[PDB]
Every structure is written in C-alpha cells, then in structure tokens.
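Two forms of the same protein chain are encoded below as structure tokens; each is given separately, as structure 1 and structure 2.
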Structure 1
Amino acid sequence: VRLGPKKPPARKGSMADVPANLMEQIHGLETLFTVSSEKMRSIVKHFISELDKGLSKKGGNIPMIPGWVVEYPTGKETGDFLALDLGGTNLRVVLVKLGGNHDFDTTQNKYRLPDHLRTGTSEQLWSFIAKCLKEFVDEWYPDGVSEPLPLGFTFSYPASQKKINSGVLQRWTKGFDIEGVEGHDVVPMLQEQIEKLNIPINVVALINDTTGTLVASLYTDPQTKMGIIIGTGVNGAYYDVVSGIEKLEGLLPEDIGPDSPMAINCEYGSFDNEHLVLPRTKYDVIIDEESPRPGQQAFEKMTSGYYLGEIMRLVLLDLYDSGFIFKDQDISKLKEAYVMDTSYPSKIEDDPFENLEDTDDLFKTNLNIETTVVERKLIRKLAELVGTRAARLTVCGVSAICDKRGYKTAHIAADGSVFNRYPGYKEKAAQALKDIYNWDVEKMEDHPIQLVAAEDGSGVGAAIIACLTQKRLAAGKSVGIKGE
C-alpha cells in the first residue's frame, strides 16, 4: 500500500538534466553551506576555549551555569520521588519509583493552567500548583507516607541559584507576568503553599530541563556523558570537575572539594556571539538582523530547527531576484518571513521520488509556486545542505565537551524536535562525529561517541536529582555555596 511500510531507500538524485547555469548556482550554494571536517575541528578548538572561558572568573558568552549536582547517579538508588515540570500552558506532576537497577516506574498527570494565572497573583499561582500536587498525592498515597516525598522542580525560566534547593527568578518569560516574584526565591513560595495544604512534600531541587536530561539518562545508561537538546531551542549539560571552575574558587565548602563532579548547564546558544568561527552566510546575517535580539544567540541561530526553512526562503528569494528560478511564478507567499517552518526542509529531504513530487505538491499547495523538476532538484540540494550544516555544527558542541573532559567514548543523550523528527538527522550527526575524529568504523551503532535517545529530563531527571539531593541533605553534605 502506497510505498509499503518500510523506509523508502534514498532517491538516486541524478543531476544529469540540470542546466549548466543552475548547476553553477548549486555549486555556489555548496561553498556557502558545506562544513568541512577540518572546519568542524577548528570550531571545536574555539568552542573548548569558550567552555573554559565561561567557567572562569571573568566569564564569557557561554553562561556555563553550575547545576549543583555534585555526584553521579549510580543507577542503584531506590525510593519514591516527585517531579514538577512547570511550562507556560501546563504543568506535569510525575511520581518516579526508582528500582535500583538503572530502572524506574512512573505515574504522571498533566494539568492545564487556567488562562488568568499568568497575570494573576503570586499566591494564586503557587496555590494552584499546590492544589494539583495535593490532588495527585491524595490519590497515589491515600494513607499518607512514612517520610515526605522529595520533589525536584523543573523551572525552565531565567533564574539563578547559589544552591540546588533555591531558584531566584530573574525575569518572567513563556507568557507570564506576575508581580512580587522577579528577584525572589520561588522554592519557598511553592513550599509555603504545599505546607498550607499539609501535603507531605519537600521541594529539594530546582533545575533546568537539560541538567535533568543528563541525570535521568546517566541513571539508566551508565555510558552517558552529556545531555543535549536539539529542537527549537538548543542546550547541553555535562559534568565538569570543581577544580575546573575558577568562578567558584573561595565559595565552596570542603565537602565540595576540587575533585568533585559538578553538573554544568551550558546554555551554549550564545556560543560565538563574537561571530568569529561559525560560518554565517549573508542569509544567516539577515535572520540575525531581523530577529528579536540581533547579535544574540549565534549558535542557536545556526543550529536550531526553527530557522531552517527561513534560510531556504531567503536563498530561494535571492535566486528568484537574480533571475534563476520561478521565472513566471507569482512568488508573493515566499516574501512572508517564517512562512517556511521546519516542515519544509524536512518534507523536501524526505521526498523519496526522483521527480521530487512531494516537494512539487508542497510548493504548489502551500506557496502557489509551480516548479520544473530541475528547480526542485536545486531545492532538494539546498534542503540537504541546510539539514546537514545544522547537524555538523551541533556536533561541534558535543565534540568540544568530550575533548574538554577527555571522553574517548560516550553516549550523548539527546532530545528535542530536530533530533527526534528531522529526516536523517541521526545519520547526519553520526557521520559528522566520524568526520571530526576520522574513526575507522563501519557502522554508526559502533561509533565511540554516539547520540542515543535521552530519558525524560524535566520529569524523571528532576525526580532523580531530588533523590541525589535528599541523600546529601539528610547526611548534611553541602549542595551549594558556603552558608547558603
């Protein structure tokens, strides 16, 4: 039925019928968008320097935020832990029972926030969350608990913390506008409503979701060396060592000593805001100039899935202006910024046909543009270049973290819409790693450093970080700066 259920083979992609003038333009696009293996190596050297610089006292464009997880999960932890994952529209409550053999069981609910909460009072927001937590606990522990359930709170809003059981909101985003919260620690605000309702929970950790991706995945997969999100936003987290963090010198208690692990939330979207190494094209420059913050987020702009259609849009417009393509078409829909989302390069890269009929129907239907087959062949080459460049640049952050820490082998626990859904992304990223290291290895499943699907960072990961944190808190081991 249709093409049958199995993944169609890649199209042959003959260029024999493409006229010389378009072939010249395609080869021009290859020089603008191709990232050489040696170029990746060059970017990784700079990236390692900038990781180091973000951990220094002077700091750098990469935040390199300490995540206050100062131990590795062993996979042998047991017990019941909660996670709260607060988004802009919904929250999720997860009960994780850790089985102590790299395994876990989950029970989870999701609650839609009423639309007035976002602009309501502080107390009503924390009240709503505590009400959801009471309803969930009352059901799953109808006879109560012997000890309070430790909870890990994924709060992925700009926030700072001097210890793991704290989060001082810096500024509301994802929609919110509530008074009396910016500049305050949210952990006591949530805990106060929890205690007001006599719910047996202690909020012991506040985290970024990518730190949670790292930790949940290392609990299940002991080869895990990094958590990476490759989607609309981008981020990476990994464990560095305290002796490598100059900006914490003089701030730590003796029980977070120089050889302690320390999870880092890199927030590396701002890598190369100086615009030195990343291969920004005139199209990337336009994107940046037209973005909400020109000059910010350089690495994110170069690797996020959000921009991949817009790159194509601007290139196609440039080709149309130069008189090469769409000569007798009405291209008005193409002039709309972001009209081409990530589905465009994805559907074009997935097209299994030599005549590129999926790509034909996509342009005719969505943009009112008729194409010749050789135009579609240029379009398909361009989509391939854009998806492949994004993968090759994302793996530079992977290779920089691995080389910084001396990981010769690693599983890189990955999540995000580009990793999970972009066509051929896993193949592109594996070939990119192989190109960087020049490995003599036949199959991608045998690569020394390889991306694998992550465990749930904002749910499971927050619950396992709560476990690790409660173990320290109970023993009186520090999980923050001296005195905090």
Structure 2
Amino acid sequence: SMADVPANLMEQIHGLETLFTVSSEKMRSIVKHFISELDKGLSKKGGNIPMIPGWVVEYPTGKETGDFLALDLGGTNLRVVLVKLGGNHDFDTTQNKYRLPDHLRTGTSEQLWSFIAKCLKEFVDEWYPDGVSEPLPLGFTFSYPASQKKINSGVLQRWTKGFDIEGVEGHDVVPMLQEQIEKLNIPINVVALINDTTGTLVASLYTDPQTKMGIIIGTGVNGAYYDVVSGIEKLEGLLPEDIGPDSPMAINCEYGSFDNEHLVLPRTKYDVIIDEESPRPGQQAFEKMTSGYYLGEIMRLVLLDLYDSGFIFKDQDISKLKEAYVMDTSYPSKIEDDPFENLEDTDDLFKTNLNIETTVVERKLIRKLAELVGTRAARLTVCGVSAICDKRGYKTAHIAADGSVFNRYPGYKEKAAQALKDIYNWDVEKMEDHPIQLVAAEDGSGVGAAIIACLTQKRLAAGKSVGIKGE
C-alpha cells in the first residue's frame, strides 16, 4: 500500500519512522527510570513526580453499604451524585448535572461556593424531602493542583482548566465549601477531597477486585495506585500511631511531570517546539509526550516541516497549518480511522478545514504519520502502567482506564495492549488474556468519591486518623 509513493517521500517517511518509533527495549529502559522517579517522589528529597498521598488507607471490600454523596467540580459543570452501595460490589446512582454560570470562572471565591451549595440543597431537598437521620457524608472531586495533609482538606496551589478566582490559591477549599453548606442548612458533611484518578482507582476496585491502578488517558494524563506506608519515607515522623507501616496508602502520582529533566523520553524537535511554545516550558514533559491534546500539533509541525522543505503541499495555502493547535486530537483520530482506499476522510479534513488539497500519496504519508503519533503515544502511556506494576510487583492487573483517548481514539486499546505485550514479551494470543490489561473504569469523580467518603466516614466515626498528626 506504499508501492506508488515516490522514493523521495518514502525516504522522509523512513526518517519519521526513525524519529517516532519506540522499541520494546526503549520502553523497558524508560520504565526503569520511571520506577526510580516514583521511588524519588515518595522519598524525602522528593522529585519531579509529586506522588501525593491520597489518605485512603484501605481497599474497598465490596461489602460497604449506605448512602453517600459526591460532588464532581469541573471547569464548566458540576455533578452531584447520590450513591447507594448495595454491599455486593454493586451500587445505584442518582445524579444531576448543573452548568456553571459563566461569570463564576473569573468571579470571587464566595460566589463559586455559594452556587455549589445552591446545587447541593436543591438535590438533597428533592431526594430526602423529610431530611436525613444523620448528615450525608460527601466526597468532593477537586481535580486542580492541591496538597492535602489529611483526607478532608485541599489547599489549592493554583487554578487550571479555565478558572481564575481571587484568594483561593493557598487556602483550604473544604471549609470554604462546608461553610456555604452550613449557611444553607443542608444535612451534608464534606468528609473527603479527592483527585479524579484516586476516585477512578477506588470506584473500579469496588466493582472489580482485580483493579491495581486507575489511569486517565485523555487531554489529562495521571495514574493512581496503592502503595504502602513503610515505602513512603516522606511521611516518616509525620504519621499518628494508628496509620502504621503496613498500612495501604492510595497515591495520586501526578506523573504528567515525569522526566521534566529530559533524561529519557524520546523528544523530537517537534516535541521541543511544542514545549518551547507552551504556557509552561520545561513542565509536564510526560504529559506533553502522551496526552491526546498534542497529537494533532505533533502532526501539524511535522507537515509544516515537510512543506517548508519542499516535499509536500506544493503551491497550497499553508496559512491555516501555521496556526498552533488548529489540529486537535480529532485529526489523527479521523485519519487513523479513514476506511477509504483513497483516504477520502483525510482528504475532507485537509480540504474543508485546512484549505489544503492533497494527492493520494501525500494522504498516505499523512496517514502513516497519524499512526506513528498515535502508536508512540500509547507506547509511552503504558510505560507509566508498567512502572507502577513493576514497582509494586504486580505480575497481573486490571488497569482501570478512563479519558477521551482511551475511550474514543480508534484502535487505541489495541495499541496499548500490544505495547504491554512488547514490554513483557508475553506469549499470549488474545489481548483479553493479557496478564496486565486496561479495562473500562467505573466513574472515578462521582461513584469513586462517594465510596471514598464511605471509607473515610467510617474512620472519622471511629476516631481513626486520616492524615498527619495534629491536622
């Protein structure tokens, strides 16, 4: 299917294959370094990987019962979810979604929280019209940079995902929310603040006991798993006696910042430009190398390079290819998915959206480029999965996955399962029998937050610690 491509384009394609292919041996090397950086982030010197303790210190059993709330706060919407756990790895959910009034993103602190409280009251008043016997414990998914010295706390480090509200950064958001709930007299105790990836891990472990990791593969990149307290030297001297060294500890890795130092990831000149022109050069290196958000940008820069060198798009209007982020993830996705011999989908895309008319052989090059990019991304993504499994000694695992790329990028699941197979050199026919495999996650930011609230409330009710001494 490349037999009609001219040799001079063929050469440039072999060069791209050089640049973008990640060998099994390279994945294995990256994994060794990644493991070393996971260890560093949990130690006192720390590292580029935050390895943030999630203060969930036990596994869900499937035996939990009761009614628990969750609040999932997004950039544009929130969700309020009531979860009833049936006590046999099962649950029932009742949920509403509320669009944020656009003035709030850039508003003042109190009016964000009072609107969230307005949503909570309306929800509770409908589902519990005669009130509750006991306050409903709530788990709050607050997926912005934030440190937690105990589960029921989250001090905002800085706003992401659109928000820009004064005097929140550097403060604990949990009392800010809890006080607005109080002013409205809603029978709710906010008992846990979580990252979505920690939620993904726990919700999926509740329904699927084989879960060893929660992972997001979307425009965001993150993973969460259970470590053990004795392996977290940075908590030594800080823990009360009832969180002892054999205790499990859920970790939110925040590993989008793996290898900011640029010692191991196979960055091309195209990645270097992407980093250089990003809001934060030198940051989030592993995220920039794996997130779906950049896959069309990687393509755009490569094509612009090939064009500027004289290989493709002769005499075309290149003005839209010059706009950064003009090509989102839907380009490599629609291109890999084009079912047409003459790549008629890829043709529409470039004609209609970028005003570029292509020949068949240039569409062939474009398609091969989209495949290299997608495949590279998957292969680097599973280096995080391999590193957690090899660090903890998991020879087998369900890796509960969520995110728009895992979920909707065509062929992504196959690319990932092959990449694991290549790392572990398994002799195994079918991806459903892979010893470590990605499986669709349960709802991390709703179900998962509610389950963590159940686990947390039990500890709070007993007087069991959920954080460092004195907090």
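Heads up, when I say rigid core I mean the largest set of C-alphas that superpose within 1.5 Å between the two forms. FYI, numbering is relative to structure 1, first residue = 1.
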Report the residue, chosen from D259, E289, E179, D105, for which the CA moves 2 Å or more between structure 1 and structure 2 after the rigid core is overlaid. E179
Is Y239 one of the residues whose Cα moves 2 Å or more between structure 1 and structure 2, with the core superposed? no
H116 C-alpha shift between structure 1 and structure 2 of 2 Å or more, rigid core reference: yes
Answer yes if the Cα of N198 shifts by 2 angstroms or more between structure 1 and structure 2 on a rigid-core superposition, and no otherwise. yes
Using a rigid core fit, what is the CA shift at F155 between structure 1 and structure 2, in angstrom? 1.4
Can you give the CA shift of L125 between structure 1 and structure 2, in Å, with the two forms fit on their core? 2.9
